[PDB]
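One structure below.
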Amino acid sequence: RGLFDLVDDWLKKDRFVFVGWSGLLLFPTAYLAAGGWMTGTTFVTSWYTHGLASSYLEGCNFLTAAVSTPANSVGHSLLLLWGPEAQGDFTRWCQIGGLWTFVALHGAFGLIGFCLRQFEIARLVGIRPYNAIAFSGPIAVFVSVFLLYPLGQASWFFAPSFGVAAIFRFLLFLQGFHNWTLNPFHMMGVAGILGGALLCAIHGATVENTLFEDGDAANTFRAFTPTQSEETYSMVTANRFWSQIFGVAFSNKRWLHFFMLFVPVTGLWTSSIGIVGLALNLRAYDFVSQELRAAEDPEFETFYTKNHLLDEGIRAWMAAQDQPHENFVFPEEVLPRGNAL
Amino acid sequence: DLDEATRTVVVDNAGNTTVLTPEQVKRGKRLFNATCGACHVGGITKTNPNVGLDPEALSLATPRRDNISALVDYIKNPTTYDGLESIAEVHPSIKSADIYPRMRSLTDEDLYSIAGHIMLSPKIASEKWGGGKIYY
Amino acid sequence: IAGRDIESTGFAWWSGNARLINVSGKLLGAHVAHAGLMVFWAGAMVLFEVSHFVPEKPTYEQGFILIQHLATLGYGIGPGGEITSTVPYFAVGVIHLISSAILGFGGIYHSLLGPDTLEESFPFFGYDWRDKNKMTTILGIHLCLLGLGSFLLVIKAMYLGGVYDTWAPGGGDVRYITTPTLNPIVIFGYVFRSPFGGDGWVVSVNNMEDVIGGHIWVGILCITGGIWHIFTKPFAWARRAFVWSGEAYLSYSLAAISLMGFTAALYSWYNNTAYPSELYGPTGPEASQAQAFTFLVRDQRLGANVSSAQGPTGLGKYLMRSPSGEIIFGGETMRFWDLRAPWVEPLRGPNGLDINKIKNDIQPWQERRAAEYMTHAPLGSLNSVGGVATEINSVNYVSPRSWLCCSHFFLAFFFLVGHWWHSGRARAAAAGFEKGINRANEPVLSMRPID
Amino acid sequence: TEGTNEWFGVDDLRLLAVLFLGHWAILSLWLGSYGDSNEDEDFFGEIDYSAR
Amino acid sequence: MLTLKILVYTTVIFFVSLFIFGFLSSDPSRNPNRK
Amino acid sequence: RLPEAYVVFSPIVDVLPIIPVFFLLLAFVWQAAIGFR
Amino acid sequence: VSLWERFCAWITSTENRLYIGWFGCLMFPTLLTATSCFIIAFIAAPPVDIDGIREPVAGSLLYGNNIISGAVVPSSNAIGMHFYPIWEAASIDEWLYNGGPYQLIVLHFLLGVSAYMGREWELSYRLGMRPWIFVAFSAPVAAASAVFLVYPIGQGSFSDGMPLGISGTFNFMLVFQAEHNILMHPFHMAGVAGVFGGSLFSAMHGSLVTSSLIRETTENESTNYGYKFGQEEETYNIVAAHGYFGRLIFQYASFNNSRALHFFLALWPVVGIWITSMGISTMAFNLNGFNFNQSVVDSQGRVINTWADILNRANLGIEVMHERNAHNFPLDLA
Ligand code: CLA
Ligand code: CLA
Ligand code: CLA
Ligand SMILES: CCCCCCCCCCCCCCCC(=O)OC[C@H](COP(=O)(O)OC[C@@H](O)CO)OC(=O)CCCCCCCCCCCCCCC
Ligand SMILES: CC1=C(/C=C/C(C)=C/C=C/C(C)=C/C=C/C=C(C)/C=C/C=C(C)/C=C/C2=C(C)CCCC2(C)C)C(C)(C)CCC1
Ligand SMILES: CC1=C(/C=C/C(C)=C/C=C/C(C)=C/C=C/C=C(C)/C=C/C=C(C)/C=C/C2=C(C)CCCC2(C)C)C(C)(C)CCC1
Ligand SMILES: CC1=C(/C=C/C(C)=C/C=C/C(C)=C/C=C/C=C(C)/C=C/C=C(C)/C=C/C2=C(C)CCCC2(C)C)C(C)(C)CCC1
Ligand code: OEX
Ligand SMILES: [Fe+2]
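First to last, the protein sequences are chains d, v, c, w, i, k and a.
In this text, residue positions in the first sequence follow PDB author numbering: the first is 11, and each later residue adds one.
In this text, residue positions in the second sequence follow PDB author numbering: the first is 2, and each later residue adds one.
In this text, residue positions in the third sequence follow PDB author numbering: the first is 21, and each later residue adds one.
In this text, residue positions in the fourth sequence follow PDB author numbering: the first is 20, and each later residue adds one.
In this text, residue positions in the fifth sequence follow PDB author numbering: the first is 1, and each later residue adds one.
In this text, residue positions in the sixth sequence follow PDB author numbering: the first is 8, and each later residue adds one.
In this text, residue positions in the seventh sequence follow PDB author numbering: the first is 11, and each later residue adds one.
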């Protein structure tokens with residue numbers, strides 16, 4: 011009837027890719043985060059920001075290429091193309107590291123626009139919105155690492171660059187400087203990721219091994235029409251199996267599939283709380299009862315004090331080349347070496 | 002950006018400087034990694050780390066070893082660091098090249114390019130050559 | 021088209037060679053075609069390994085794996101691991117290449133024109149999987165060949181040229197095995213050792229007299245057991261324990277071939293007798309001892325008493341004492357104190373490394389060997405740059421031991437998975453429930469209350 | 020003495036009489052049912068359901 | 001220490017022999033299909 | 008390298024170990040042309 | 011009638027509370043001895059010479075540790091690969107000093123887990139199930155045998171084996187990074203994709219079932235009580251969740267087949283952990299990951315740094331500091 015109704019009926023039309031209202035936020039912003047990454051890893055260097063090479067023009071393969079974080083002198087500037095740093099020039103915008111905030115900002119509005127996509131399709135199909143709530147897990151890892159972690163730090167420079175090996179140094183930068191593995195929020199996150207991979211490997215292998223005979227063929231994939239009301243696997247058998255192997259087992263398909271949602275997602279929320287606590291440098295660095303004892307008793311050694319000496323090697327050896335803006339000129343005689351290494 | 006001023010290396014004990022043609026610096030790298038680079042990788046010596054390929058360490062040898070003519074001298078007749086006795090029996094050489102099968106086929110220009118690589122590499126990388134793992 | 025779609029058989033295209041279980045001509049043509057590929061690779065790889073051979077670099081620096089098996093047989097090898105000729109390596113790679121064109125033609129004949137079942141026309145070759153007299157005959161015929169193939173090693177090492185002994189007195193050279201060891205307390209001594217350190221179950225055969233003397237007993241067993249399974253029939257206990265079907269025999273092999281898969285992958289890491297260090301490069305244990313021996317020679321020239329040289333931990337910096345009492349090398353190399361190598365065994369005694377022989381008799385070929393085995397340690401990378409994991413990109417070396425111990429070991433786990441898949445199906449195909457649970461008769465419902 | 024090359028780790032003679040009386044004490048249990056059966060009765064199955 | 005050692009080889013080849021003579025005990029026939 | 012009567016065929020021999028991989032891909036090409044039936 | 015047949019009938023009975031089976035004849039004695047020694051060695055066990063340099067590393071709770079730092083320490087560098095039982099130790103005090111209980115726990119663990127795996131087969135045979143849950147459990151058995159068995163073999167000592175603890179795990183992972191460069195190795199890459207993908211398709215499948223549940227309850231009671239146990243009606247509209255994901259990405263990327271869907275959940279992690287556990291195995295024999303250090307150069311020949319060179323300087327920090335007293339010679343061959 012009205013003008014709003016014609017636009018509402020056009021976006022929600024059955025077509026190849028469902029656009030909806032949320033596609034106006036997703037499809038422009040996701041296309042430019044992805045294309046900003048493919049351009050930045052191919053053409054744009056890191057020679058002026060980090061003093062590296064992170065492009066395909068500079069000989070890096072898929073692994074050692076990245077879209078890199080800007081300089082520490084930029085601080086937390088948004089680095090707009092028209093801004094006071096770039097001033098409209100495209101070429102000087104790329105050399106300062108403007109594509110990285112271009113990827114991260116238009117990417118953050120892609121994950122907004124993709125989670126709104128999951129509320130919109132669920133309302134048209136008419137289902138409960140648990141996909142949009144389980145996808146809030148990965149939103150809490152993007153925001154609290156690519157956005158909330160460099161905000162608490164000195165600049166955008168201490169953020170993960172969007173490249174394969176550039177994530178890998180961020181894994182190593184976070185052990186030596188922060189002792190991230192000791193943090194109980196990672197420990198509750200590893201329990202959800204390795205716990206979530208566990209549940210789909212079991213539920214994958216128990217459904218597929220309690221199937222009913224619905225055909226004479228040896229292939230069991232053929233014997234399932236999608237609109238049938240009979241269940242395709244014996245729940246009573248699978249309960250009787252695991253009650254004797256493992257001792258305790260699900261007797262509820264509604265509780266089972268909810269539990270496959272809770273376990274992976276909670277590991278992304280609990281691990282997201284800790285990385286917000288490392289923006290503020292509130293790290294779980296030391297057990298002081300272990301540290302006061304190892305200072306007074308020069309014979310008491312645990313595995314825990316062995317990890318601190320591994321972190322002095324990370325804090326001293328890479329920090330010269332890690333942070334060229336700070337100009338660490340270490341002598342050879344201050345770098346902690348071991349015996350004969 | 003391999004300028005001929007950068008390719009110009011010292012050639013004799015007096016101090017004359019000649020330039021290396023661009024096939025000398027290319028064969029000089031392939032031959033060095035294939036022959037010498039098993040132990041002398043990046044200027045350090047694996048089996049005796051005191052005696053390196055540093056331009057400081059080549060100069061302090063009792064015959065001065067920085068020259069191209071002095072390095073090819075060492076290859077055909079390797080004395081020690083103080084130059085009193087020969088270690089041709091244990092270092093690969095031309096004189097003791099029946100034991101080492103790796104040096105039975107080397108010409109004069111091939112040692113001229115290997116010694117070119119040992120001399121021209123501290124001019125390219127100033128501190129990485131023989132600086133150990135600190136300067137990797 | 022009948023027999024070659026899912027409507028006739030019940031197997032999809034991806035599990036398509038499972039249609040060959042109950043046809044015998046198509047199955048025979050498949051096993052002789054894959055045998056045509058095993059041959060064809062080995063002929064074409066050696067020709068590839070000959071055309072890239074350079075006499076300057078050693079045999080292991082050039083990254084070959086197949087022309088070093090023939091050098092252990094003794095073709096074209098000189099004294100001290102120096103490959104001389106490389107005309108006989110060309111000859112072997114052609115015979116294993118021409119012959120695959122014949123085995124290729126059997127795979128394309130028997131599987132595209134041969135009868136589907138041999139049991140109709142050819143009653144000698146035709147069979148059934150459920151038959152137990154025929155299957156032990158097929159096992160028996162193909163065991164007497166593995167007996168005869170073991171004597172070809174013994175004939176070649178005693179009569180036809182000899183084999184390469186790295187322990188040969190005077191240096192490693194092609195040596196006729198004159199007097200092999202035929203003692204079953206010694207030969208089956210290996211088979212019942214511990215697999216752990218120091219004993220090292222079957223890897224630790226340390227001379228060619230036990231190798232060639234051992235392949236005699238293999239030829240004795242595989243012929244008597246070949247004749248045993250031709251004549252006889254499986255006993256009462258053997259008929260009750262097995263599943264006599266087609267896929268069950270396949271999952272019996274896949275368990276045993278994985279045993280051979282791990283063991284050949286552990287020969288290549290530790291053994292320096294069947295795999296000479298002159299050919300395959302130094303072992304994992306050997307390059308750890310060659311480092312400590314090199315700096316032993318280095319600081320002995322500085323007038324340092326190396327026996328009384330107190331280490332930084334309080335142990336021996338150079339010579340210390342093993343937990344069984346022997347004089348060994350010190351460092352992280354104290355774990356590899358069982359390293360028995362032809363360049364360190366001149367310095368042994370009853371007690372271990374003889375200190376009098378270290379102070380006086382170190383020969384310069386041992387210094388040329390320990391410096392060669394330090395710089396060519398088996399530590400590499402996938403892009404084939406050597407050294408430690410933090411080495412810069414200048415050398416191009418990964419040891420051929422690390423390619424064999426990481427690829428046959430790689431396969432030997434997946435063939436253990438093949439024992440798990442193919443025997444889970446074959447035990448359940450014998451029982452009837454491999455297609456799923458019957459809806460009319462569920463076995464769990466006719467059981468006790470659950471508790 | 021750890022790294023001795025002795026069969027099954029049998030160091031002393033007394034450990035043999037342990038091994039022989041372990042396999043045989045259950046073997047004799049096993050022969051009480053599956054022993055003394057007909058060793059000449061076949062089947063053309065994949066699996067036998069003969070008797071207890 | 002040679003008294004403990006005797007006790008272990010009893011316990012190992014007790015349960016290993018129950019394993020070996022378990023599957024020799026007509027073990028394929030113990031299925032819910034028949035017998 | 009190869010003997011002197013065979014140095015001519017040094018390019019062809021370099022391709023030859025790859026050829027067993029090409030039989031694995033020949034099965035799928037044959038399954039595509041048969042229409043996966 | 012016989013005593014053995016009345017014992018085989020009990021040990022293979024599915025009417026037991028827990029199925030014992032013939033693999034339980036060597037699962038239960040193995041894992042209860044790995045357990046009962048672990049609880050004692052984690053709580054009360056004296057310090058252990060791990061580096062073989064007679065510097066004993068404390069690992070138990072009574073010697074001033076916690077849950078995080080306490081760990082069953084691996085055996086000595088002095089022992090190395092040698093089999094070290096209690097009777098080959100001349101006292102228990104000599105056994106506990108040299109890293110005794112690490113070999114007693116690990117060897118009774120790997121036998122009990124490889125018997126727990128075969129036990130999952132056996133009950134699937136006696137219940138009429140298709141058999142292959144135990145093939146999915148091969149993937150953590152591959153990974154447990156990679157860090158406790160295969161990596162001590164190729165490195166030649168159980169001292170390089172993984173410490174049974176929490177802080178000992180991260181001593182294991184970091185030292186494995188410096189010496190082998192696991193992150194650049196494509197098999198750790200193929201299993202990070204296995205568990206990121208595994209936790210994706212877990213929470214992606216578990217959401218689309220819970221989204222499309224059928225009304226069987228009221229708003230006061232729980233959602234889960236609309237499933238009665240053992241019912242034969244399907245508890246969710248699978249056509250609904252297919253039409254949702256058929257619009258969320260596009261139409262042809264959606265499994266309408268629930269059997270092929272529930273197979274892909276078992277394929278992706280298990281293949282990802284088979285491949286990963288053969289990354290530790292091929293890096294046990296020092297076939298390390300990629301090494302792109304000093305790979306990008308200018309025309310002058312000066313080394314231009316990359317991200318791998320920054321990653322290298324993190325590896326050089328751990329390499330020069332791990333086992334800071336155990337080394338005497340310039341190259342960590344072990
Ligand atoms: C080791 C590799 C190998 C081998 C030897 C075989 C062999 C066979 N497969 Mg098979 N297969 C394989 C891998 C292999 N497969 C793989 C990996 C898959 C999964 C994609 C399949 C899927 C598959 C299906 C789905 C089916 C088979 C079938 C068959 C059999 C008959 C084929 C036939 O009659 O069709 C005719 C074949 C052709 C027309 C192919 C022509 C290609 C020619 C032979 C290539 C020759 C090239 C060579 C260089 C020439 C050398 C000549 C010599 C003179 C030098 C045959 C025994 C069929 C079967 O079960 O039969 C009952 C069947 O249904 N296969
Ligand atoms: C293990 C492999 C194997 C097996 C079991 C068979 C079996 C069979 N083939 Mg076949 N074949 C094979 C390989 C094999 N073939 C190969 C490799 C080729 C290519 C050359 C052929 C080419 C071929 C043709 C062209 C024909 C057969 C035929 C037959 C059938 C009758 C053969 C006959 O008359 O027997 C009696 C035959 C003999 C006694 C002659 C034996 C002579 C050989 C050279 C002795 C072998 C020497 C030695 C054992 C091998 C050592 C090498 C080894 C280490 C690899 C029979 C089922 C025929 C058939 O089915 O009829 C339609 C038929 O026409 N085959
Ligand atoms: C490729 C190798 C191969 C394969 C697959 C087979 C396959 C088979 N053999 Mg065979 N065999 C082979 C080589 C092979 N054989 C060789 C080379 C020999 C000569 C030594 C034998 C000697 C042989 C005999 C004597 C018997 C078999 C039997 C069997 C059947 C399975 C039994 C089994 O595996 O128990 C595995 C069992 C063990 C590894 C341990 C068994 C321990 C025995 C029973 C203790 C009793 C002492 C006994 C007299 C042997 C003394 C040695 C020592 C143990 C004291 C099966 C058909 C049995 C059969 O049914 O005969 C037809 C049988 O009785 N085989
Ligand atoms: C030798 C081998 C013998 C088996 C060994 C036994 C060990 C088994 C462990 C018991 C799990 C008990 C947890 C109760 C849990 C409980 O009772 O749940 C009971 C629950 C049954 O749910 P139903 O379907 O009955 O629920 C329907 C509705 O009523 C939901 O409320 O079963 C499961 O879902 C458990 C599956 C996950 C199992 C979680 C196990 C996590 C591992 C343990 C973590 C702790 C280890 C800490 C050590 C420091
Ligand atoms: C930045 C920017 C921009 C732009 C944007 C865009 C427009 C972009 C796009 C772009 C794009 C969008 C890109 C793409 C790329 C792609 C690529 C380059 C791909 C590649 C691929 C590959 C290489 C892969 C591979 C493979 C294959 C082929 C098959 C098999 C598998 C694999 C995976 C291996 C603008 C203007 C706004 C401005 C601002 C800034
Ligand atoms: C059945 C079937 C199949 C299979 C196939 C196959 C497996 C085959 C094989 C094939 C084969 C296995 C082949 C072979 C061939 C070979 C040949 C044909 C050779 C020849 C040779 C020559 C020609 C040489 C020459 C020379 C000389 C003489 C001297 C030196 C140089 C040269 C080397 C050049 C498939 C998968 C498709 C599937 C379907 C069915
Ligand atoms: C050449 C040589 C030699 C020799 C060799 C020998 C003489 C061998 C032997 C071998 C043998 C003598 C082996 C054995 C093996 C055995 C086995 C590995 C067994 C297995 C068994 C089974 C598998 C069973 C199973 C079962 C059960 C447990 C229960 C019931 C069921 C059934 C029956 C299935 C020597 C050392 C001098 C050195 C180097 C060279
Ligand atoms: O033990 Mn445990 O960590 Ca395997 O690397 Mn060599 O060893 Mn000793 O150092 Mn580094
Ligand atoms: Fe499900």
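Even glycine gets a Cβ: it sits at the ideal position worked out from N, Cα and C.
Taking all protein chains shown into account, decide if residue i is buried (16 or more other Cβ within 10 angstroms of its Cβ) or exposed.
i                 : result
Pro370 of chain c : exposed
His54 of chain c  : exposed
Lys263 of chain d : buried
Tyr262 of chain a : exposed
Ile89 of chain a  : buried
For the putative contact between residue i and residue j, defined by C-beta atoms under 8 Å, what is the C-beta separation to the nearest angstrom?
i                : j                 : result
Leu86 of chain c : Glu69 of chain c  : 6 Å
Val82 of chain a : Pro111 of chain a : 6 Å
I'd like the span of the beta strand (DSSP E) that includes residue i, first residue to last.
i                 : result
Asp193 of chain c : 193 to 195
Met340 of chain c : 339 to 341
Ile119 of chain v : That residue, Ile119 of chain v, is in no beta strand (DSSP E); its alpha helix (DSSP H) goes 109 to 125.
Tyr184 of chain c : 183 to 185
Span of the alpha helix (DSSP H) holding residue i?
i                 : result
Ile19 of chain k  : 17 to 22
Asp226 of chain d : First-last for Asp226 of chain d: undefined, no H or E at that position.
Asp321 of chain d : 314 to 327
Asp15 of chain d  : 13 to 21
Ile348 of chain c : Taken as a continuous stretch (DSSP letters only), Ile348 of chain c belongs to no alpha helix (DSSP H), being part of the beta strand (DSSP E) at 347 to 349.
At 3 residues or longer, what runs of the beta strand (DSSP E) sit wholly inside the region 13 to 84 of chain v? When DSSP assignments are scanned along the region 13 to 84 of chain v, the uninterrupted stretches of beta strand (DSSP E) that are 3 or more residues long and fall wholly within it turn out to be 18 to 20.
In chain order, which alpha helix (DSSP H) runs of at least 4 residues are fully inside the region 206 to 290 of chain d? With a minimum length of 4 residues, the unbroken runs of alpha helix (DSSP H) contained wholly in the region 206 to 290 of chain d fall at 245 to 255, 263 to 286.
Can you pull out the residues from the region 13 to 24 of chain a whose beta carbon lies closer than 7 Å to at least one beta carbon of chain w? For the region 13 to 24 of chain a, which is checked against every Cβ of chain w, the residues closer than 7 Å are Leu13, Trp14, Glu15.
In the region 86 to 119 of chain c, which residues sit with their C-beta less than 7 Å from some C-beta in chain k, listed in chain order? Listed by position along the chain: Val107, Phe110.
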